[PDB]
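These notes concern the structure reproduced below.
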Amino acid sequence: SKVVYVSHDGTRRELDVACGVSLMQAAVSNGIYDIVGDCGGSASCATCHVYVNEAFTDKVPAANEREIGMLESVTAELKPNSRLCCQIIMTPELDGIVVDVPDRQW
Amino acid sequence: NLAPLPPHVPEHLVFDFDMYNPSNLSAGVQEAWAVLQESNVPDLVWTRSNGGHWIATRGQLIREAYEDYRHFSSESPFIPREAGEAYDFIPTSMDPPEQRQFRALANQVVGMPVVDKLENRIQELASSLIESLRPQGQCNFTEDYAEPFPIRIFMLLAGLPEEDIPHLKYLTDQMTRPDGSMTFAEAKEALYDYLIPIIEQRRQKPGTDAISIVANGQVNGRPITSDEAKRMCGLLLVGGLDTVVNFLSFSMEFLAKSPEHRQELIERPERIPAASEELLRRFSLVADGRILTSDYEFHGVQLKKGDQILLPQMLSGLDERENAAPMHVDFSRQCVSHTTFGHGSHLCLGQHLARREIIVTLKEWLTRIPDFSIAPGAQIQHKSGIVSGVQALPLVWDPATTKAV
Ligand code: HEM
Ligand SMILES: *[C@@H]1CC(=O)N(CCCCCCN2C(=O)C[C@H](*)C2=O)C1=O
Ligand code: FES
Ligand SMILES: [Ca+2]
């Protein structure tokens with residue numbers, strides 16, 4: 001399916017993302033540098049922070065308490081639709097999902 | 001060579017395993033460790049050897065433990081604990097939130113953006129080593145390629161002169177592979193002394209190299225000290241030698257023994273990145289651990305403060321609970337899971353640099369020397385430790401079967 005990555009500066013990247021792949025993994029594999037993904041995807045670092053568009057927050061599995069704990073120490077503005085994108089695992093039902101990437105991860 | 005059994009440890013979890021000398025090592029070091037994963041072995045054993053410690057034998061527990069640093073601390077991540085003496089590289093032994101400060105800085109010198117703009121320069125390096133090796137039809141891959149390649153990349157991203165290589169090689173060698181002619185502590189100190197005037201010089205007259213960036217970075221909201229910078233710069237050197245050297249050798253050993261997997265990558269170089277990941281799962285090689293901050297019930301086992309637990313990075317991908325037919329190398333394997341680069345906040349900083357060194361070595365080797373094999377009459381020996389490895393890899397091939405480019 002396809003995922004759109006909107007950088008802080010408005011610049012827009014759409015990626016074709018295989019099922020089973022995390023939004024973090026896809027970002028790092030395709031030069032979306034404003035997603036760092038330091039810990040490599042176990043909710044241990046908060047450097048894959050994204051804002052999930054409201055049109056898809058019903059459609060993504062809620063965060064677990066581990067993701068919640070890690071989200072407290074995001075460096076950019078923490079918002080209600082804030083997610084660790086290493087916790088978002090891609091599926092056909094999530095096709096065309098919109099995530100906004102914050103101005104900083106570190 | 002066993003230690004007395006702790007009053008808090010039940011004997012029915014005791015299991016004879018020495019990570020420096022596993023029983024069936026002649027079959028292959030990954031095979032040798034996989035004995036911990038036979039049907040009648042608990043997910044969590046105790047061994048009396050190497051001082052005495054726990055071992056997570058299964059991917060689920062290893063990942064769990066690596067996810068909880070409050071109970072499982074990096075303050076003592078090496079077994080035996082005495083192997084921590086004089087080991088003060090950064091950020092190996094730190095936990096969050098301080099560990100984080102040094103990972104932000106490090107990401108600036110080996111993060112994906114840096115890896116990417118270094119790639120072409122890395123492949124010309126790889127090519128050059130290969131290109132001027134091909135008409136020999138033979139080599140000790142380990143000495144001839146696996147060792148010079150990563151240390152040459154370090155020089156490149158640290159901005160260090162080429163003739164400095166013999167010196168650094170020696171020092172890192174004495175550290176990794178001791179001679180009796182120098183203690184590890186001495187070799188380490190020599191490395192720091194090599195680094196520290198470069199750091200001070202580039203703090204006051206910066207470049208774009210790794211050393212400048214680290215020397216001019218901030219940690220905890222104030223300037224990184226010279227001490228902090230050398231201890232981290234030191235690890236960016238040491239961290240990516242012995243593991244890249246050995247992983248490339250395990251891999252290259254496999255391809256020399258397996259014409260069918262070669263031809264696949266030879267007919268479909270597009271598969272190489274995916275094959276590298278599979279090669280990473282199958283020939284995983286790091287095993288370190290953590291120490292207990294407190295008493296703690298864990299997966300039905302009572303640990304106490306001070307206890308060390310081994311959490312083999314190697315075993316997760318070999319855990320057949322995680323990958324079907326784990327000893328099988330299938331380059332089209334659909335759900336490859338492993339912890340070859342570790343797991344949790346310490347997962348390898350060089351993972352992106354290390355993947356790129358693998359993919360380039362494969363894309364550039366097979367491009368030139370498609371067919372090769374292990375030397376005739378060759379007893380290839382594996383060694384077992386914190387970073388398991390290959391002793392030597394004599395390879396042989398016919399020059400007329402190659403192709404210089
Ligand atoms: C295939 C090659 C490699 C493998 C299998 C590997 C393995 C690992 C593993 C498993 C860890 C985590 C240790 C733990 O949790 O106790 C680690 C940490 C680290 N690695 Fe690698 N590594 C490789 C290549 C490299 C390279 C090329 C570099 C280049 C600088 C490097 C630098 C580091 C550093 C600086 C750390 C410290 C991470 C931390 O504690 O935050 N590694 N490595
Ligand atoms: C690869 C490894 C893994 O755990 N995983 C998700 C498990 C679901 C099983 C695959 C079913 N499936 C598809 O066939 C497409 C999307 C999906 O979930 C993987 O996909
Ligand atoms: S990559 Fe570390 S929390 Fe997502
Ligand atoms: Ca000195």
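We label chains A, B, ... in the order they appear in the structure tokens, count residues from 1 in each chain, and number ligands from 1 in the order shown.
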
Can you tell me, as a PDB file with N, CA and C atoms, in the first residue's frame, what residues are no more than 8 Å from region 114-116 of chain B when counting only C-alpha atoms, ignoring any on the same chain fewer than 3 positions away?
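Once everything was written out, this is part30.pdb:
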```
ATOM      1  N   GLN B 108      25.030  11.693  14.248  1.00  0.00           N
ATOM      2  CA  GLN B 108      25.574  12.693  13.347  1.00  0.00           C
ATOM      3  C   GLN B 108      26.807  12.207  12.599  1.00  0.00           C
ATOM      4  N   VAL B 109      27.491  11.196  13.118  1.00  0.00           N
ATOM      5  CA  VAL B 109      28.672  10.712  12.423  1.00  0.00           C
ATOM      6  C   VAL B 109      28.501   9.345  11.730  1.00  0.00           C
ATOM      7  N   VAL B 110      27.468   8.573  12.064  1.00  0.00           N
ATOM      8  CA  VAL B 110      27.255   7.291  11.361  1.00  0.00           C
ATOM      9  C   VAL B 110      25.769   7.007  11.055  1.00  0.00           C
ATOM     10  N   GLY B 111      24.937   8.036  11.140  1.00  0.00           N
ATOM     11  CA  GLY B 111      23.544   7.896  10.790  1.00  0.00           C
ATOM     12  C   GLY B 111      23.357   7.679   9.298  1.00  0.00           C
ATOM     13  N   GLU B 119      28.662   6.252   0.410  1.00  0.00           N
ATOM     14  CA  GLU B 119      28.542   4.946  -0.223  1.00  0.00           C
ATOM     15  C   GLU B 119      29.499   4.779  -1.404  1.00  0.00           C
ATOM     16  N   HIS B 352      23.540   0.869  10.062  1.00  0.00           N
ATOM     17  CA  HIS B 352      23.365   1.350   8.705  1.00  0.00           C
ATOM     18  C   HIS B 352      24.696   1.375   7.986  1.00  0.00           C
ATOM     19  N   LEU B 353      25.767   1.722   8.695  1.00  0.00           N
ATOM     20  CA  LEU B 353      27.080   1.630   8.079  1.00  0.00           C
ATOM     21  C   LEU B 353      27.418   0.161   7.837  1.00  0.00           C
ATOM     22  N   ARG B 356      25.602  -1.422   4.840  1.00  0.00           N
ATOM     23  CA  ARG B 356      26.130  -0.878   3.601  1.00  0.00           C
ATOM     24  C   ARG B 356      27.491  -1.475   3.259  1.00  0.00           C
TER      25      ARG B 356
END
```

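All residues of chain A that DSSP, run on the backbone, classes as helix (DSSP H, G or I) are residues 23, 24, 25, 26, 27, 28, 29, 54, 55, 56, 65, 66, 67, 68, 69, 70, 71, 92, 93 and 94 of chain A.
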
Check every residue of chain A for an atom within 9 Å of chain B, counting only C-alpha atoms, and provide those that qualify as an MDAnalysis selection string.
-> chainID A and resid 20 28:29 31 33 36 38:45 106

For residue 9 (chain A), work out the shell of residues within 10 Å, counting only C-alpha atoms and skipping chain neighbours fewer than 5 positions away, then give it as a PDB file with N, CA, C and O atoms, in the first residue's frame.
```pdb
ATOM      1  N   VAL A 101       5.652  14.622   9.806  1.00  0.00           N
ATOM      2  CA  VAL A 101       6.918  14.446  10.503  1.00  0.00           C
ATOM      3  C   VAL A 101       7.386  15.768  11.135  1.00  0.00           C
ATOM      4  O   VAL A 101       7.526  16.777  10.435  1.00  0.00           O
ATOM      5  N   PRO A 102       7.628  15.750  12.460  1.00  0.00           N
ATOM      6  CA  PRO A 102       7.982  16.932  13.261  1.00  0.00           C
ATOM      7  C   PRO A 102       9.366  17.520  12.922  1.00  0.00           C
ATOM      8  O   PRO A 102      10.171  16.854  12.245  1.00  0.00           O
ATOM      9  N   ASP A 103       9.652  18.725  13.417  1.00  0.00           N
ATOM     10  CA  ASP A 103      10.866  19.423  13.013  1.00  0.00           C
ATOM     11  C   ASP A 103      12.118  18.855  13.674  1.00  0.00           C
ATOM     12  O   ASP A 103      13.232  19.180  13.281  1.00  0.00           O
TER      13      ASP A 103
END
```

### Query
Would you name the residues within 12 Å of ligand 4, counting only C-alpha atoms and all ligand atoms, and put them as an MDAnalysis selection string?
chainID B and resid 185:197 227 230

Counting only C-alpha atoms and all ligand atoms, name the residues that have an atom within 8 Å of an atom of ligand 1; the answer should be given as a ChimeraX atom specification. /B:66,74,77,90-94,99-100,102-103,106,110,150,154,232,235-241,243-244,247-248,280,284-290,313,339-355,357-358

Residues near residue 83 (chain B), cut-off 12 Å, only C-alpha atoms, skip fewer than 2 positions along chain, as a VMD selection string: chain B and resid 50 to 51 76 to 81 85 to 88 175 184 to 185 288 385 to 386

Hey, could you make a per-residue contact list for chain B against ligand 2 with 8 Å as the cut-off, showing the nearest pair of atoms and its distance in Å to one decimal, counting only C-alpha atoms and all ligand atoms, sorted by chain and number, as a Markdown table?
```
| residue | atom | partner | partner_atom_place_in_ligand_line | distance |
| --- | --- | --- | --- | --- |
| B:334 | CA | ligand 2 | 1 (C) | 6.0 |
| B:335 | CA | ligand 2 | 2 (C) | 3.9 |
| B:336 | CA | ligand 2 | 2 (C) | 6.9 |
| B:337 | CA | ligand 2 | 2 (C) | 7.7 |
```

Write a file of the selected residues as a compact mmCIF listing (two decimals), in the first residue's frame, keeping N, CA and C atoms.
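out-v5.txt was written with the following content:
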```
# COMPACT_ATOMS: atom_id res chain seq x y z
N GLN B 334 10.61 -14.73 3.96
CA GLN B 334 9.60 -13.68 3.96
C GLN B 334 9.50 -12.88 5.24
N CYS B 335 9.73 -13.52 6.38
CA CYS B 335 9.68 -12.77 7.63
C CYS B 335 10.93 -13.00 8.48
N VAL B 336 12.02 -12.35 8.08
CA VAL B 336 13.32 -12.49 8.73
C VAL B 336 13.36 -11.71 10.03
N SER B 337 13.47 -12.40 11.15
CA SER B 337 13.58 -11.68 12.40
C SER B 337 14.85 -12.10 13.09
```

With distances taken over only C-alpha atoms, the candidate from A:61, A:96, A:37, A:69 nearest residue 16 (chain A) is A:96

message = List the spatial neighbours of residue 91 (chain A) as a ChimeraX atom specification - criterion: any atom at most 8 Å away, only C-alpha atoms, same-chain residues fewer than 6 positions off excluded.
response = /A:1,18-20

Using the selection just defined, write its residues with N, CA, C and O atoms as a PDB file, in the first residue's frame.
```
ATOM      1  N   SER A   1       0.826  -1.204   0.000  1.00  0.00           N
ATOM      2  CA  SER A   1       0.000   0.000   0.000  1.00  0.00           C
ATOM      3  C   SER A   1       0.858   1.251   0.000  1.00  0.00           C
ATOM      4  O   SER A   1       2.090   1.167  -0.038  1.00  0.00           O
ATOM      5  N   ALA A  18       5.420  -2.007   1.791  1.00  0.00           N
ATOM      6  CA  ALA A  18       4.897  -3.368   1.811  1.00  0.00           C
ATOM      7  C   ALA A  18       4.197  -3.652   3.125  1.00  0.00           C
ATOM      8  O   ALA A  18       4.582  -3.131   4.175  1.00  0.00           O
ATOM      9  N   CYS A  19       3.189  -4.512   3.048  1.00  0.00           N
ATOM     10  CA  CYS A  19       2.429  -4.976   4.193  1.00  0.00           C
ATOM     11  C   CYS A  19       3.394  -5.616   5.178  1.00  0.00           C
ATOM     12  O   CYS A  19       4.357  -6.270   4.778  1.00  0.00           O
ATOM     13  N   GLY A  20       3.162  -5.383   6.465  1.00  0.00           N
ATOM     14  CA  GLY A  20       3.998  -5.931   7.515  1.00  0.00           C
ATOM     15  C   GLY A  20       5.165  -5.025   7.854  1.00  0.00           C
ATOM     16  O   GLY A  20       5.854  -5.230   8.860  1.00  0.00           O
TER      17      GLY A  20
END
```

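The residue that comes closest to ligand 3, out of A:24, A:50, A:74, A:99 and on the basis of only C-alpha atoms and all ligand atoms, is A:24.
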
Using only C-alpha atoms and all ligand atoms, the residue out of A:35, A:94, A:4, A:76 with shortest distance to ligand 3 is A:35

Between CA of residue 328 (chain B) and CA of residue 21 (chain A) lies a distance of 23.1 Å

Could you list, as a PDB file with C-alpha atoms, in the first residue's frame, every residue within 9 Å of residue 9 (chain B), counting only C-alpha atoms and ignoring same-chain residues fewer than 3 positions away?
```pdb
ATOM      1  CA  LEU B   5      26.200 -22.325  43.177  1.00  0.00           C
ATOM      2  CA  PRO B   6      24.289 -19.331  44.619  1.00  0.00           C
ATOM      3  CA  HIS B  12      17.324 -27.950  37.852  1.00  0.00           C
ATOM      4  CA  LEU B  13      17.992 -24.772  35.858  1.00  0.00           C
ATOM      5  CA  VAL B  14      21.747 -25.383  35.899  1.00  0.00           C
ATOM      6  CA  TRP B  46      22.224 -20.939  34.859  1.00  0.00           C
ATOM      7  CA  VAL B 301      12.862 -17.325  37.759  1.00  0.00           C
ATOM      8  CA  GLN B 302      14.227 -15.409  40.761  1.00  0.00           C
ATOM      9  CA  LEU B 303      17.238 -13.235  40.023  1.00  0.00           C
TER      10      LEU B 303
END
```
